[PDB]
Amino acid sequence: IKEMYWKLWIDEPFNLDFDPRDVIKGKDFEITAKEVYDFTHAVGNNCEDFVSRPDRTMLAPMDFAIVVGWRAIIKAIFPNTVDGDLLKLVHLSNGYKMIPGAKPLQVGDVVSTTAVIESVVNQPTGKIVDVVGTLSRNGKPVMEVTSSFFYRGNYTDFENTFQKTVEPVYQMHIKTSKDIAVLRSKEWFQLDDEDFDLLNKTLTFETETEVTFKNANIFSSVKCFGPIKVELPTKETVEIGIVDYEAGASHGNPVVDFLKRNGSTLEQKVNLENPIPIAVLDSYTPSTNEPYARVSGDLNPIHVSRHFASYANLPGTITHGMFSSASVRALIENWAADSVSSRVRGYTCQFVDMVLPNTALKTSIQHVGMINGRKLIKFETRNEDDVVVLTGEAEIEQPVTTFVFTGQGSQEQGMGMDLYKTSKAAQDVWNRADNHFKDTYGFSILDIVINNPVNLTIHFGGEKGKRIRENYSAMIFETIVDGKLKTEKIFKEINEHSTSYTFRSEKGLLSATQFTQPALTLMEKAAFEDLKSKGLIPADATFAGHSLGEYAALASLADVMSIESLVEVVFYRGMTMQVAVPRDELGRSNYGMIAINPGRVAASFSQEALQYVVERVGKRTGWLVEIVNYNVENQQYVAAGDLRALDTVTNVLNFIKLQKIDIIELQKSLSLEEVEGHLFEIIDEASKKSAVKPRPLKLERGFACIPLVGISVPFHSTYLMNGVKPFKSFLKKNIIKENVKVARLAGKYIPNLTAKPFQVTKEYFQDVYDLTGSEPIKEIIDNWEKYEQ
Amino acid sequence: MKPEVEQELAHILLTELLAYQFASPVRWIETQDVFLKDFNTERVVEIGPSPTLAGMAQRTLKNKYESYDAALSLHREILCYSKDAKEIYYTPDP
Amino acid sequence: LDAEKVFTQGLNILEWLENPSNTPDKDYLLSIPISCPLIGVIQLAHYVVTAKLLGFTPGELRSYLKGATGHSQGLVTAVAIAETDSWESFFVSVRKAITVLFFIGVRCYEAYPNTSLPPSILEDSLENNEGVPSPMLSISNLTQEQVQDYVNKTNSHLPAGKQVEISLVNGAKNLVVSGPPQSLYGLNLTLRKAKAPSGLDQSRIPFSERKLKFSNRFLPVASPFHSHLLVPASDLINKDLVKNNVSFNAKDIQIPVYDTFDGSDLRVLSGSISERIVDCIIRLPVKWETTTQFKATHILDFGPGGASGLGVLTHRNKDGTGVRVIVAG
């Protein structure tokens, strides 16, 4: 029987004398528009990605892997040492999985196949053969095909049997010192450094188990290996140890038993609350199976020849299962992936029953769950008699996603305390940060957020309290003001002989910069961690934060800082935006910022027009004003500096609206570079009208400009380029080199400085230097030949 | 480039990008233009307590991407975590 | 050679005509390989009942015509009529008519075949009472100068081989745009902006401050005719007709046949008439108003549709000039 199927399937000399344990290789197979045409027409995949179109590259469907992979995957059920009546064979399951990264199969491509036999086990009712094909182009893996076949019969051949399973990832929280001792008991718990402290760490065991057999029940050899990892404070895991269990005769794997009881499983697949119906769809099987057989190369006679079908006791020439796979995945690709081939990312199909030609299949389709922010889509196909025929699932990529993180101003009492009640992941973020604040700075950020306290006194009593006072006394502000840097120590009212410090606000502390900054940055980081927990975060998400967002976004999607390091930085930031401006009277500053709406002044008035008016009013007056937030085009900007120079601008603008001069009509059209004179007139009347008022002057609104209330510092301006050298050397303590994953930034992070997706190239450093003038950056551009190690 | 070196540089840069940010203008037009055109972002998810940056995207679309969004039939979903939980968590009402 | 690939549910028409059961679904029947030549037949048939129920030979019916012409592919049946003489040499004209209509619908299906719509789109268009998208979008009540703005907008953004174009200019304010159903769904969204609800009532508003009211409606076809997408086919069809031995000589055509682009007689051309007629269906647009520029008391519409057909459109274009359209089918 195997001499026949070898003539029909394989194209080699007939030799059954090769080891199953060895690695089977296929021919180098070149994808061509001809074969992708013929294939897609045989399955009914009328998806545009596979059709030749002008000025476009023709993709091949992922189904087409089995076309490439067959010669090799099927060659795994032939060896002498896996004896089987090939007429009685049953293809049980088939699976595709794109390796994360690599793009789908193109029409130019030359695809190398390699199949490996994973697991040959004699069950009571027959022999199961799990095979794994790996498709590689330009010497990189592209996808994995996972077919499982089943020889029906009665086998007692346990010498030629084996099973490599990959166990679920097990997680242990080490709380006590007996937990650590029970683990040191186990010979199979190797550690790279045996002195490593395990206490309060979280361990993950990533374990595969190879297992030869003696009988159905007794393994003649067990092996269970793969790395032990510890969760760091970023939530990144790192290899500390090995599992290295071996054994002869054994009735079980003691490692996986130990970790089932003592640990708990890290299930990647997270179920939705309730399934979401997508479609209930109707496909026919084709009258003949000679079309599919030609294109695939499955010339199994039971599909085409009434004699072989009868000789194998089938109800007739049956439809190839691998046709019903493709047919059904063309409906998944069309409804769930809205006709984008590249979105469907893995696909897995169990062949429950048989289907004859001209049957009519109802396939229900549901969104059931999420897995690393691919959708998880269970289907099931029924014939006319309401019998299940296929089942399976698809992993479908969510549409291209950007996460944007709101900055300050939006803060409210009770913010994200809804999530805190419900979410285990949110709870871990607040609780983690509220313990850090309680112990280093003597307040609870939760209390602040939950009940807006008007006043908040820290006391520095007991030994704990003296430690907490050193933590305020150490907080400086290494300003670069004057030729020589001057260090203005924050909290001047805190010395060896203090017992208290009190934070005053007018309205509530949650509106003060130094409490608002963390309360935002947490609320966000929590929301985000609850999403990540639910499996709702695409691997390839772009992210960006407005001002403070920048931090919450880099904590959330690149785990640069710990939760503890994050709230430090952000609290120091909000503090370093209070010392930054002089406030002689009390907390009033002679600085502020206004929100301009150029639309409202004049339909013509826009960009290149504000960037004159505001640049002149400051070149003229000598009073620092700047545009700081470029938000919406010709609809939202924010200017910030000298409350005087702001009061000129809200007047100068309220003049141009009521005066109703259209700038462009007299910008260049009428008089060219004379306008400086027209403008200098309009300034000097409003300039020296707002240079005689109650020092910290009540800044009034106007048709163009609204004033932002309670904003007393001009941030995102050159004013506090002076207070930077401190903050830059502060970050280099809380942001460590080891905790920066380039992969999680490059292409994905859009800075606020340089609104250009983060890259690490000479080009990008050069563009930063041009908007900064930093020496640590310039010295890198100078000797860019550290490219050589 | 060695990954150990690339890591060193990425750190330096990431630290300088955050240092000066503080003291340099928030360039959030040039940003939205990167994620709405150069990436054709289909979902933009505002993680925040109130929908500010969503309102700003809705308005940056309605201005200079109304034509592009039709001609490419490029249906865009803008979602704020506070207001639109159900469209983010995939929990539609029965 | 590869024709059997295109006719997936075959072309046994005699079988379909006996058993309404064995007749395929409308969508298959509409595909241009089968719909093109079968419309030819429908017209040639209507022409024949007309000749026999008068007791004329097909040449005698032709001699009482002053001129003949057709919209789109109808231009082929027209030039076949113009040749015919007796009941014997009729079947050599009908071979020429349906061979050409076969190679148009075969080589044009190959050049730009219809694929699956994203179901998001299909469901969006059905909740806004637009049709099922297709490669031919019809726009009532908007001048050719108004429409050509809305396509210069839409074709600014799209790349070369996804662009739309005006294809049929049926009336002053009755146009058809041809291209990729995606791209024409792009255009449709751009129009939903500009257009005003049909239930608005602007009888209270000064005339020249009123919103434009206009209907945009997808046709039932399967190819983008008169487009740049079908240009690849043009060369192949000319060569597949020199093989199957199918020229139309100027001498043989005994009445003026009116070209669907200029309105000039096809008998005048220096080159191939067969070639021209392919370009007039594949590439070039259709300027109906200027092809129907002849004068005549009576107009026979043999073509398919009846009251929904070309005839009744031709009636509106020249209502009041003293021209009676008869719907001969």
# chains A, B, ... in the order shown; residues from 1 in each chain; ligands from 1
$ interface_residues --of "chain C" --to "chain A" --cutoff "6 Å" --atoms "only C-alpha atoms" --output "ChimeraX atom specification"
/C:115-116,118,161
$ interface_residues --of "chain B" --to "chain C" --cutoff "12 Å" --atoms "only C-alpha atoms" --output "list in words"
residues 37, 62, 65, 66, 67, 68, 69, 70, 71, 72, 73, 74 and 75 of chain B
$ select_by_dssp --residues "chain B" --states "strand (DSSP E)" --output "PyMOL selection string"
chain B and resi 26-27+43-47+77-80
$ write_last_selection --atoms "N, CA and C atoms" --output "compact mmCIF listing (two decimals), in the first residue's frame"
# COMPACT_ATOMS: atom_id res chain seq x y z
N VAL B 26 5.48 71.09 22.69
CA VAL B 26 4.70 69.85 22.39
C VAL B 26 4.20 69.96 20.95
N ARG B 27 4.68 69.07 20.10
CA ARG B 27 4.60 69.18 18.63
C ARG B 27 3.49 68.22 18.15
N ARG B 43 -7.99 52.39 14.45
CA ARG B 43 -8.44 52.70 15.84
C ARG B 43 -7.40 53.60 16.48
N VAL B 44 -7.81 54.73 17.04
CA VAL B 44 -6.97 55.54 17.96
C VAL B 44 -7.68 55.54 19.32
N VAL B 45 -7.03 54.93 20.31
CA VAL B 45 -7.57 54.68 21.68
C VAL B 45 -6.96 55.73 22.59
N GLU B 46 -7.76 56.69 23.06
CA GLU B 46 -7.33 57.65 24.11
C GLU B 46 -7.48 56.98 25.48
N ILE B 47 -6.34 56.67 26.10
CA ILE B 47 -6.21 56.27 27.52
C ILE B 47 -6.07 57.57 28.32
N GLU B 77 -12.05 54.65 13.75
CA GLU B 77 -12.70 54.60 15.08
C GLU B 77 -11.80 55.36 16.07
N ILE B 78 -12.33 56.41 16.71
CA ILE B 78 -11.65 57.18 17.80
C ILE B 78 -12.38 56.89 19.11
N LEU B 79 -11.65 56.38 20.09
CA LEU B 79 -12.23 55.80 21.33
C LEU B 79 -11.49 56.40 22.52
N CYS B 80 -12.24 56.88 23.51
CA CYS B 80 -11.69 57.35 24.80
C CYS B 80 -12.06 56.33 25.87
$ residues_around --residues "segment 530-542 of chain A" --least-positions-apart "6" --cutoff "6 Å" --atoms "only C-alpha atoms" --output "PyMOL selection string"
chain A and resi 270+370-373+401-402+425-426+748
$ interface_residues --of "chain B" --to "chain A" --cutoff "6 Å" --atoms "only C-alpha atoms" --output "PDB file with C-alpha atoms, in the first residue's frame"
ATOM      1  CA  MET B   1      25.265  47.300  15.042  1.00  0.00           C
ATOM      2  CA  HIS B  11      18.950  54.720  26.401  1.00  0.00           C
ATOM      3  CA  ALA B  19      14.993  65.599  29.683  1.00  0.00           C
ATOM      4  CA  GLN B  21      10.577  67.569  26.439  1.00  0.00           C
ATOM      5  CA  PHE B  22       9.862  69.543  29.673  1.00  0.00           C
ATOM      6  CA  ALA B  23      11.526  72.648  28.112  1.00  0.00           C
ATOM      7  CA  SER B  24      10.612  72.498  24.339  1.00  0.00           C
ATOM      8  CA  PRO B  25       7.246  72.784  22.561  1.00  0.00           C
ATOM      9  CA  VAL B  26       4.700  69.845  22.394  1.00  0.00           C
ATOM     10  CA  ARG B  27       4.601  69.184  18.633  1.00  0.00           C
ATOM     11  CA  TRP B  28       1.147  67.435  18.541  1.00  0.00           C
ATOM     12  CA  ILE B  29       0.087  68.457  14.983  1.00  0.00           C
ATOM     13  CA  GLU B  30       3.243  66.838  13.447  1.00  0.00           C
ATOM     14  CA  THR B  31       2.369  63.839  15.759  1.00  0.00           C
ATOM     15  CA  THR B  41      -4.230  54.175  12.143  1.00  0.00           C
ATOM     16  CA  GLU B  42      -7.776  52.717  12.029  1.00  0.00           C
ATOM     17  CA  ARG B  43      -8.444  52.699  15.835  1.00  0.00           C
ATOM     18  CA  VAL B  44      -6.975  55.543  17.962  1.00  0.00           C
ATOM     19  CA  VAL B  45      -7.572  54.680  21.683  1.00  0.00           C
ATOM     20  CA  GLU B  46      -7.333  57.652  24.108  1.00  0.00           C
ATOM     21  CA  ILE B  47      -6.211  56.273  27.525  1.00  0.00           C
ATOM     22  CA  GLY B  48      -7.166  59.164  29.849  1.00  0.00           C
ATOM     23  CA  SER B  50     -11.653  62.679  29.922  1.00  0.00           C
ATOM     24  CA  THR B  60      -7.785  67.053  12.959  1.00  0.00           C
TER      25      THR B  60
END
$ residues_around --residues "residue 23 of chain C" --least-positions-apart "3" --cutoff "12 Å" --atoms "only C-alpha atoms" --output "VMD selection string"
chain C and resid 9 to 20 26 to 29
$ write_last_selection --atoms "N, CA and C atoms" --output "CSV table (one decimal), in the first residue's frame"
chain,number,residue,atom,x,y,z
C,9,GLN,N,-19.7,27.5,-14.2
C,9,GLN,CA,-21.0,26.7,-14.2
C,9,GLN,C,-21.5,26.6,-15.7
C,10,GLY,N,-20.5,26.5,-16.6
C,10,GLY,CA,-20.8,26.1,-18.0
C,10,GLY,C,-21.6,27.1,-18.7
C,11,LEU,N,-21.9,26.8,-20.0
C,11,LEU,CA,-22.7,27.7,-20.9
C,11,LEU,C,-23.6,26.8,-21.7
C,12,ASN,N,-24.4,26.0,-21.1
C,12,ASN,CA,-25.5,25.2,-21.7
C,12,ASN,C,-26.8,26.0,-21.6
C,13,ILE,N,-27.0,26.9,-22.6
C,13,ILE,CA,-28.1,27.9,-22.5
C,13,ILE,C,-29.4,27.2,-22.8
C,14,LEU,N,-29.4,26.3,-23.8
C,14,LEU,CA,-30.6,25.5,-24.2
C,14,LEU,C,-31.2,24.7,-23.0
C,15,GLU,N,-30.3,24.1,-22.2
C,15,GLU,CA,-30.6,23.5,-20.9
C,15,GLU,C,-31.2,24.5,-20.0
C,16,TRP,N,-30.7,25.7,-19.8
C,16,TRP,CA,-31.2,26.7,-18.9
C,16,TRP,C,-32.6,27.2,-19.3
C,17,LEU,N,-32.8,27.2,-20.6
C,17,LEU,CA,-34.1,27.7,-21.2
C,17,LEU,C,-35.2,26.7,-21.0
C,18,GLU,N,-34.9,25.4,-21.0
C,18,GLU,CA,-35.9,24.4,-20.7
C,18,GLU,C,-36.3,24.4,-19.2
C,19,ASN,N,-35.3,24.2,-18.4
C,19,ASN,CA,-35.4,24.0,-16.9
C,19,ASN,C,-35.0,25.3,-16.2
C,20,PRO,N,-35.9,26.1,-15.7
C,20,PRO,CA,-35.6,27.2,-14.8
C,20,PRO,C,-34.8,26.7,-13.5
C,26,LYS,N,-28.3,34.7,-10.6
C,26,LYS,CA,-28.2,35.9,-11.4
C,26,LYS,C,-26.7,36.4,-11.4
C,27,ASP,N,-26.0,36.3,-10.3
C,27,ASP,CA,-24.6,36.8,-10.2
C,27,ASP,C,-23.7,36.2,-11.2
C,28,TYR,N,-23.9,34.8,-11.4
C,28,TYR,CA,-23.1,34.1,-12.5
C,28,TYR,C,-23.5,34.5,-13.8
C,29,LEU,N,-24.8,34.6,-14.1
C,29,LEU,CA,-25.4,35.1,-15.4
C,29,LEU,C,-25.0,36.5,-15.7
$ atom_distance --atom1 "atom CA of residue 210 of chain C" --atom2 "atom CA of residue 195 of chain C"
10.7 Å
$ atom_distance --atom1 "atom CA of residue 328 of chain C" --atom2 "atom CA of residue 38 of chain C"
17.7 Å
$ residues_around --residues "residue 27 of chain A" --least-positions-apart "5" --cutoff "10 Å" --atoms "only C-alpha atoms" --output "PyMOL selection string"
chain A and resi 11+68-69+71-72+110-114
$ write_last_selection --atoms "N, CA and C atoms" --output "PDB file, in the first residue's frame"
ATOM      1  N   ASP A  11       7.986  12.415  -4.767  1.00  0.00           N
ATOM      2  CA  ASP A  11       8.712  12.270  -6.060  1.00  0.00           C
ATOM      3  C   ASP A  11      10.191  12.006  -5.777  1.00  0.00           C
ATOM      4  N   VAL A  68       2.814  23.801  -0.465  1.00  0.00           N
ATOM      5  CA  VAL A  68       4.305  23.841  -0.409  1.00  0.00           C
ATOM      6  C   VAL A  68       4.805  22.702   0.486  1.00  0.00           C
ATOM      7  N   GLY A  69       4.112  22.465   1.599  1.00  0.00           N
ATOM      8  CA  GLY A  69       4.596  21.630   2.709  1.00  0.00           C
ATOM      9  C   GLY A  69       4.277  20.154   2.567  1.00  0.00           C
ATOM     10  N   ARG A  71       4.683  17.343   0.246  1.00  0.00           N
ATOM     11  CA  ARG A  71       5.791  16.375   0.007  1.00  0.00           C
ATOM     12  C   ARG A  71       6.457  16.025   1.347  1.00  0.00           C
ATOM     13  N   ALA A  72       6.816  17.015   2.175  1.00  0.00           N
ATOM     14  CA  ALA A  72       7.568  16.837   3.449  1.00  0.00           C
ATOM     15  C   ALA A  72       6.669  16.355   4.602  1.00  0.00           C
ATOM     16  N   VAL A 110      10.626  32.051  -2.975  1.00  0.00           N
ATOM     17  CA  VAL A 110      11.198  30.671  -3.018  1.00  0.00           C
ATOM     18  C   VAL A 110      11.214  30.124  -1.586  1.00  0.00           C
ATOM     19  N   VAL A 111      10.317  29.186  -1.271  1.00  0.00           N
ATOM     20  CA  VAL A 111      10.000  28.750   0.120  1.00  0.00           C
ATOM     21  C   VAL A 111      10.582  27.352   0.352  1.00  0.00           C
ATOM     22  N   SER A 112      11.617  27.256   1.196  1.00  0.00           N
ATOM     23  CA  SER A 112      12.210  25.995   1.718  1.00  0.00           C
ATOM     24  C   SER A 112      11.275  25.403   2.773  1.00  0.00           C
ATOM     25  N   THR A 113      10.968  24.111   2.670  1.00  0.00           N
ATOM     26  CA  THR A 113      10.178  23.347   3.671  1.00  0.00           C
ATOM     27  C   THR A 113      11.106  22.444   4.481  1.00  0.00           C
ATOM     28  N   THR A 114      10.761  22.241   5.748  1.00  0.00           N
ATOM     29  CA  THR A 114      11.379  21.241   6.654  1.00  0.00           C
ATOM     30  C   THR A 114      10.268  20.729   7.559  1.00  0.00           C
TER      31      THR A 114
END
$ select_by_dssp --residues "chain B" --states "helix (DSSP H, G or I)" --output "number ranges by chain"
B: 3-19, 21-23, 28-38, 52-64, 66-71, 85-88
$ closest_residue --among "C:264, C:170, C:141, C:77" --to "residue 314 of chain C" --atoms "only C-alpha atoms"
C:170
$ decode --residues "segment 246-269 of chain C" --atoms "N, CA, C and O atoms" --output "PDB file, in the first residue's frame"
ATOM      1  N   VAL C 246     -12.777  37.311 -38.449  1.00  0.00           N
ATOM      2  CA  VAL C 246     -13.947  38.174 -38.094  1.00  0.00           C
ATOM      3  C   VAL C 246     -13.574  39.644 -38.307  1.00  0.00           C
ATOM      4  O   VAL C 246     -13.309  40.350 -37.318  1.00  0.00           O
ATOM      5  N   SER C 247     -13.512  40.072 -39.562  1.00  0.00           N
ATOM      6  CA  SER C 247     -13.437  41.504 -39.932  1.00  0.00           C
ATOM      7  C   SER C 247     -14.844  41.954 -40.324  1.00  0.00           C
ATOM      8  O   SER C 247     -15.702  41.089 -40.626  1.00  0.00           O
ATOM      9  N   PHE C 248     -15.065  43.263 -40.263  1.00  0.00           N
ATOM     10  CA  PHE C 248     -16.213  43.976 -40.866  1.00  0.00           C
ATOM     11  C   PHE C 248     -15.650  44.949 -41.899  1.00  0.00           C
ATOM     12  O   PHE C 248     -15.014  45.939 -41.478  1.00  0.00           O
ATOM     13  N   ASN C 249     -15.824  44.666 -43.191  1.00  0.00           N
ATOM     14  CA  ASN C 249     -15.393  45.584 -44.280  1.00  0.00           C
ATOM     15  C   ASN C 249     -16.408  46.728 -44.404  1.00  0.00           C
ATOM     16  O   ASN C 249     -17.601  46.508 -44.109  1.00  0.00           O
ATOM     17  N   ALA C 250     -15.928  47.907 -44.806  1.00  0.00           N
ATOM     18  CA  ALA C 250     -16.725  49.137 -45.023  1.00  0.00           C
ATOM     19  C   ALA C 250     -17.755  48.909 -46.138  1.00  0.00           C
ATOM     20  O   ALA C 250     -18.900  49.398 -45.982  1.00  0.00           O
ATOM     21  N   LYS C 251     -17.374  48.206 -47.217  1.00  0.00           N
ATOM     22  CA  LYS C 251     -18.255  47.955 -48.394  1.00  0.00           C
ATOM     23  C   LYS C 251     -19.502  47.178 -47.957  1.00  0.00           C
ATOM     24  O   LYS C 251     -20.608  47.533 -48.414  1.00  0.00           O
ATOM     25  N   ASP C 252     -19.320  46.171 -47.101  1.00  0.00           N
ATOM     26  CA  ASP C 252     -20.380  45.208 -46.695  1.00  0.00           C
ATOM     27  C   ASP C 252     -21.451  45.916 -45.849  1.00  0.00           C
ATOM     28  O   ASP C 252     -22.615  45.449 -45.900  1.00  0.00           O
ATOM     29  N   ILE C 253     -21.109  46.998 -45.131  1.00  0.00           N
ATOM     30  CA  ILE C 253     -22.066  47.703 -44.222  1.00  0.00           C
ATOM     31  C   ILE C 253     -22.768  48.826 -45.001  1.00  0.00           C
ATOM     32  O   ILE C 253     -22.109  49.806 -45.378  1.00  0.00           O
ATOM     33  N   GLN C 254     -24.077  48.651 -45.230  1.00  0.00           N
ATOM     34  CA  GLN C 254     -24.881  49.342 -46.277  1.00  0.00           C
ATOM     35  C   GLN C 254     -25.744  50.462 -45.679  1.00  0.00           C
ATOM     36  O   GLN C 254     -26.568  51.019 -46.429  1.00  0.00           O
ATOM     37  N   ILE C 255     -25.580  50.773 -44.390  1.00  0.00           N
ATOM     38  CA  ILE C 255     -26.178  51.972 -43.730  1.00  0.00           C
ATOM     39  C   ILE C 255     -25.145  52.594 -42.799  1.00  0.00           C
ATOM     40  O   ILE C 255     -24.253  51.903 -42.317  1.00  0.00           O
ATOM     41  N   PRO C 256     -25.234  53.911 -42.515  1.00  0.00           N
ATOM     42  CA  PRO C 256     -24.330  54.543 -41.560  1.00  0.00           C
ATOM     43  C   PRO C 256     -24.519  53.969 -40.147  1.00  0.00           C
ATOM     44  O   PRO C 256     -25.630  53.993 -39.658  1.00  0.00           O
ATOM     45  N   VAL C 257     -23.438  53.453 -39.554  1.00  0.00           N
ATOM     46  CA  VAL C 257     -23.368  53.037 -38.123  1.00  0.00           C
ATOM     47  C   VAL C 257     -22.623  54.121 -37.353  1.00  0.00           C
ATOM     48  O   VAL C 257     -21.495  54.465 -37.758  1.00  0.00           O
ATOM     49  N   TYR C 258     -23.245  54.651 -36.299  1.00  0.00           N
ATOM     50  CA  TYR C 258     -22.812  55.913 -35.652  1.00  0.00           C
ATOM     51  C   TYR C 258     -21.918  55.554 -34.467  1.00  0.00           C
ATOM     52  O   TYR C 258     -22.418  54.932 -33.506  1.00  0.00           O
ATOM     53  N   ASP C 259     -20.621  55.878 -34.593  1.00  0.00           N
ATOM     54  CA  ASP C 259     -19.560  55.667 -33.570  1.00  0.00           C
ATOM     55  C   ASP C 259     -20.014  56.297 -32.252  1.00  0.00           C
ATOM     56  O   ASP C 259     -20.538  57.415 -32.290  1.00  0.00           O
ATOM     57  N   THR C 260     -19.761  55.619 -31.136  1.00  0.00           N
ATOM     58  CA  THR C 260     -20.338  55.933 -29.806  1.00  0.00           C
ATOM     59  C   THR C 260     -19.500  57.014 -29.078  1.00  0.00           C
ATOM     60  O   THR C 260     -19.917  57.401 -27.967  1.00  0.00           O
ATOM     61  N   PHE C 261     -18.403  57.524 -29.664  1.00  0.00           N
ATOM     62  CA  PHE C 261     -17.485  58.526 -29.047  1.00  0.00           C
ATOM     63  C   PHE C 261     -17.609  59.883 -29.758  1.00  0.00           C
ATOM     64  O   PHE C 261     -17.835  60.893 -29.063  1.00  0.00           O
ATOM     65  N   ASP C 262     -17.413  59.908 -31.081  1.00  0.00           N
ATOM     66  CA  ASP C 262     -17.506  61.123 -31.938  1.00  0.00           C
ATOM     67  C   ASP C 262     -18.966  61.361 -32.340  1.00  0.00           C
ATOM     68  O   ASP C 262     -19.474  62.472 -32.097  1.00  0.00           O
ATOM     69  N   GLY C 263     -19.601  60.342 -32.932  1.00  0.00           N
ATOM     70  CA  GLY C 263     -20.868  60.434 -33.685  1.00  0.00           C
ATOM     71  C   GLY C 263     -20.642  60.321 -35.188  1.00  0.00           C
ATOM     72  O   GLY C 263     -21.644  60.317 -35.936  1.00  0.00           O
ATOM     73  N   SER C 264     -19.377  60.236 -35.619  1.00  0.00           N
ATOM     74  CA  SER C 264     -18.951  60.029 -37.027  1.00  0.00           C
ATOM     75  C   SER C 264     -19.376  58.639 -37.490  1.00  0.00           C
ATOM     76  O   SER C 264     -19.449  57.741 -36.644  1.00  0.00           O
ATOM     77  N   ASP C 265     -19.605  58.475 -38.792  1.00  0.00           N
ATOM     78  CA  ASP C 265     -19.932  57.170 -39.426  1.00  0.00           C
ATOM     79  C   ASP C 265     -18.692  56.264 -39.377  1.00  0.00           C
ATOM     80  O   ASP C 265     -17.586  56.780 -39.633  1.00  0.00           O
ATOM     81  N   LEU C 266     -18.875  54.969 -39.071  1.00  0.00           N
ATOM     82  CA  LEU C 266     -17.786  53.949 -38.991  1.00  0.00           C
ATOM     83  C   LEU C 266     -17.320  53.535 -40.393  1.00  0.00           C
ATOM     84  O   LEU C 266     -16.218  52.964 -40.485  1.00  0.00           O
ATOM     85  N   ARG C 267     -18.103  53.827 -41.440  1.00  0.00           N
ATOM     86  CA  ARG C 267     -17.833  53.428 -42.849  1.00  0.00           C
ATOM     87  C   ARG C 267     -16.684  54.253 -43.429  1.00  0.00           C
ATOM     88  O   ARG C 267     -16.164  53.867 -44.495  1.00  0.00           O
ATOM     89  N   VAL C 268     -16.314  55.342 -42.751  1.00  0.00           N
ATOM     90  CA  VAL C 268     -15.385  56.396 -43.248  1.00  0.00           C
ATOM     91  C   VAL C 268     -13.943  56.048 -42.845  1.00  0.00           C
ATOM     92  O   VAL C 268     -13.041  56.376 -43.643  1.00  0.00           O
ATOM     93  N   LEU C 269     -13.739  55.420 -41.675  1.00  0.00           N
ATOM     94  CA  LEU C 269     -12.404  55.110 -41.072  1.00  0.00           C
ATOM     95  C   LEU C 269     -11.448  54.490 -42.102  1.00  0.00           C
ATOM     96  O   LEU C 269     -11.903  53.651 -42.921  1.00  0.00           O
TER      97      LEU C 269
END
